[PDB]
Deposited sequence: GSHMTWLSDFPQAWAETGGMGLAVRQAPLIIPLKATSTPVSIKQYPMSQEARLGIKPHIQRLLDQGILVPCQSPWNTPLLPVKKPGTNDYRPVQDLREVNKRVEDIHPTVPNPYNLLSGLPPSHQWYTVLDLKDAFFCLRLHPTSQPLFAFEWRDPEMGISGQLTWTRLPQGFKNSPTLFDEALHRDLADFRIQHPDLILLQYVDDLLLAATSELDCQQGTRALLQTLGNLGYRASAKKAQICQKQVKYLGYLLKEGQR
């Protein structure tokens, strides 16, 4: 089965990812920026208890670490933690947006390629490391009033809610898949951040190309959702479109 054949490639079996070929990212600030420290709006016990197991898992995974930082932005409970990084985003230097819009991306799908595999990378941003010099930027406060600990945590990986994460991830995965494209010039590979479409001429070519892509992704440290994967189908859902007999 596709599951047991590629244990490293699936999030279900391969552990949390880590893009081992990608250097830890340095996040340049705008020329005039200084740190901003926003105090944490008090959180209800219900919200804190809802968020806590997620924080603990991220700590265990090394994705969060304790820190002391002159930067601080608030968490809101939505329960899962959502960080309001808008004041950090304002102080970080802009980069050119290189993620194509889905309409244009899909124009690169020729009618000769009607066998599809769609993969969704799990916890994609967390696969990219942050350089230690840039980690303090993203700090937030975490307290356990029944455990005594009251200090800051920050991210060791590219965080959710940071304005440049989608573009930085898209560019990093493009670098890591450049050789795959060269070794498989008969295949079409569309990348939209963490959403991938592979297109082939035939069921066999799609099967072989999908095996090659899963092997490559897992080897590089990325992880795809086995649950959501659409493997070697003539009909798939990709980026909100239904892809059927060349249409859409």
Got a list of the deposited-sequence ranges with no coordinates? 1-4, 83-89
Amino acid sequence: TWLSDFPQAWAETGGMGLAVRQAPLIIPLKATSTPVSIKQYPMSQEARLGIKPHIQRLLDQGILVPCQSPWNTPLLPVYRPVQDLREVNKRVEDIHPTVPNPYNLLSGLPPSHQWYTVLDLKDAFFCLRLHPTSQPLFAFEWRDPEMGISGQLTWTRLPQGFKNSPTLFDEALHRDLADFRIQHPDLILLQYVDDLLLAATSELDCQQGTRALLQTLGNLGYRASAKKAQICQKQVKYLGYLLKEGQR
From here on, numbers count along this sequence of modelled residues.
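Heads up, when I say rigid core I mean the largest set of C-alphas that superpose within 1.5 Å between the two forms.
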Rigid core superposed, root mean square over structures and residues, which stretch has C-alphas farther from this form in 9 other deposited structures of this protein, 38-46 or 175-183? 38-46
With the rigid core held as the alignment frame, decide whether 99-107 or 133-141 lies farther from the shown form in 9 other deposited structures of this protein, in terms of RMS C-alpha distance. 99-107
Should the higher mean CA B-factor in the entry be assigned to 52-60 or to 181-189? 181-189
As the entry reports it, the stretch among 36-44 and 63-71 with higher mean C-alpha B factor is 36-44
Scanning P102, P166, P159, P110 for peak Cα temperature factor in the entry gives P110
Which of these, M16, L25, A224, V236, has its C-alpha atom at the highest B-factor, as the entry lists it? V236
Lowest, middle or highest third: where is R129 by Cα B-factor in its chain? lowest
Taking the entry's C-alpha B-factors for this chain, is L204 in the lowest, middle or highest third? highest
Sort the modelled residues of this chain by their C-alpha B factor and say whether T98 lands in the lowest, middle or highest third. middle
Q83: CA B-factor among chain residues, third -> lowest
Hey, what third does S150 fall into on Cα B-factor, ranked over its chain? highest
